[PDB]
Amino acid sequence: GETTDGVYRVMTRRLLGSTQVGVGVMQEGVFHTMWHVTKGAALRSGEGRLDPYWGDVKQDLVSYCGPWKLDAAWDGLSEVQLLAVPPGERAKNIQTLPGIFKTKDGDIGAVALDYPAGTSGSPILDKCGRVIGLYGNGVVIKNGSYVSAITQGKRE
Amino acid sequence: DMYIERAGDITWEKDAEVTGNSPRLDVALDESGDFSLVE
Ligand SMILES: Oc1ccccc1CNc1nc2ccccc2[nH]1
Ligand SMILES: Oc1ccccc1CNc1nc2ccccc2[nH]1
């Protein structure tokens with residue numbers, strides 16, 4: 001299968017036609033996506049199979065073929081880019097200044113950009129092109145707008 | 001059986017479209033990985 005670094009669509013043929021259920025990042029031979037996209041199930045890349053390696057429902061993350069490799073973090077000050085890969089549409093970079101999710105266990109950056117559910121797993125990048133987290137786990141606020149956490153894993 | 005298809009390189013784009021606000025929200029994260037607004 002394709003092992004080249006980059007952003008990929010996660011598709012299924014189990015619903016009507018071919019449907020995009022999410023997105024993920026291939027880096028250092030490991031595929032990274034959000035748990036809610038695949039529910040930890042195995043994936044196909046051409047004729048090759050990608051088996052789950054690590055996952056956590058509370059973090060809402062999963063890696064395939066190896067351990068989670070993404071370790072860059074939002075600096076808390078600078079604008080970032082969401083590399084949105086929406087269903088049926090070309091990959092497009094959107095620049096924004098994150099907001100913050102404040103929790104009892106600490107603060108996390110958050111991006112206030114609204115895209116269809118099948119965009120979940122799209123990467124958020126810093127100015128060096130490093131992936132600082134994945135888009136698609138968040139909340140709906142007072143005015144009806146969606147705000148995603150910048151969800152990042154831990155490189156062991 | 002889910003399958004993956006490449007959609008692009010991961011790179012910062014100069015002069016990309018700039019949008020979105022920066023809300024500061026109090027939130028809670030449950031054992032099922034769902035966030036909720038705390039008010
Ligand atoms: O993908 C998502 C994006 C946002 C919210 C929820 C989900 C989960 N839905 C889902 N339906 C599927 C059907 C076949 C294979 C994978 C699937 N994932
Ligand atoms: O965005 C949504 C969020 C939640 C539910 C439904 C939609 C559909 N609307 C929509 N807005 C877009 C903006 C850019 C690309 C594709 C888009 N699709």
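Note on naming: letters A, B, ... go to the chains in the order of the sequence lines (proteins, then strands), and numbering restarts at 1 for each one. Only heavy atoms go into these numbers, but all of them, side chains included; no hydrogens, no water, no symmetry mates.
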Nearest atoms (heavy-atom pairs only) where B/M2 meets A/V37: SD-O, 4.1 Å
Table please: side-chain donor-acceptor pairs of residues 82-97 of chain A below 3.5 Å, with sequence neighbours left out.
| residue | atom | partner | partner atom | Å |
| --- | --- | --- | --- | --- |
| A/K92 | NZ | A/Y115 | OH | 2.7 |
| A/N93 | ND2 | A/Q81 | OE1 | 2.9 |
| A/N93 | ND2 | B/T11 | O | 2.9 |
| A/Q95 | OE1 | A/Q81 | NE2 | 2.9 |
| A/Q95 | NE2 | A/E79 | OE1 | 3.0 |
| A/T96 | OG1 | B/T19 | O | 2.7 |

Residue pairs passing the side-chain hydrogen bond (donor to acceptor under 3.5 Å, both in side chains) test where at least one lies in residues 123-143 of chain A, sequence neighbours excluded: A/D126-A/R130
ring-ring contact (aromatic ring centres under 6.0 Å, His included) involving A/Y64 - partner list, sequence neighbours excluded: none
Sequence neighbours excluded, every pair satisfying salt bridge (charged side-chain N to carboxylate O under 4.0 Å, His left out) that has a member inside residues 9-28 of chain B: B/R6-B/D9
Pair listing, salt bridge (charged side-chain N to carboxylate O under 4.0 Å, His left out) test, anchored in residues 44-60 of chain A, at least two apart: A/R49-A/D51
Rounded distance (nearest 0.5 Å) linking atom CH2 of A/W74 with atom CG of A/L125: 15.0 Å
Any donor-acceptor N or O pair under 3.5 Å, side chains A/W68, A/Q152: yes
Any pair counted as salt bridge (charged side-chain N to carboxylate O under 4.0 Å, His left out), so long as it reaches residues 24-35 of chain A, sequence neighbours left out: A/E28-A/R155
Pairs flagged by salt bridge (charged side-chain N to carboxylate O under 4.0 Å, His left out) wherever residues 95-104 of chain A is involved - sequence neighbours left out: none
Transitive ILVMFWY cluster of A/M11, excluding itself - 4.5 Å side-chain cut-off: B/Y3
More than 12 heavy atoms from other groups under 6.0 Å of NZ on A/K154: no
Non-neighbouring partners of A/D105 that pass salt bridge (charged side-chain N to carboxylate O under 4.0 Å, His left out), sequence neighbours left out: none
Partner set under side chain to side chain contact (heavy atoms under 4.5 Å, CB included) for A/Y53, not counting sequence neighbours: A/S63, A/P67
Atom pairs and distances, donor-acceptor, side-chain atoms in residues 29-39 of chain B, under 3.5 Å, two or more places apart:
| residue | atom | partner | partner atom | Å |
| --- | --- | --- | --- | --- |
| B/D30 | OD1 | B/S32 | N | 2.9 |
| B/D30 | OD1 | B/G33 | N | 3.2 |
| B/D30 | OD1 | B/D34 | N | 3.0 |

Side chain to side chain contact (heavy atoms under 4.5 Å, CB included) involving A/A73 - partner list, sequence neighbours excluded: none
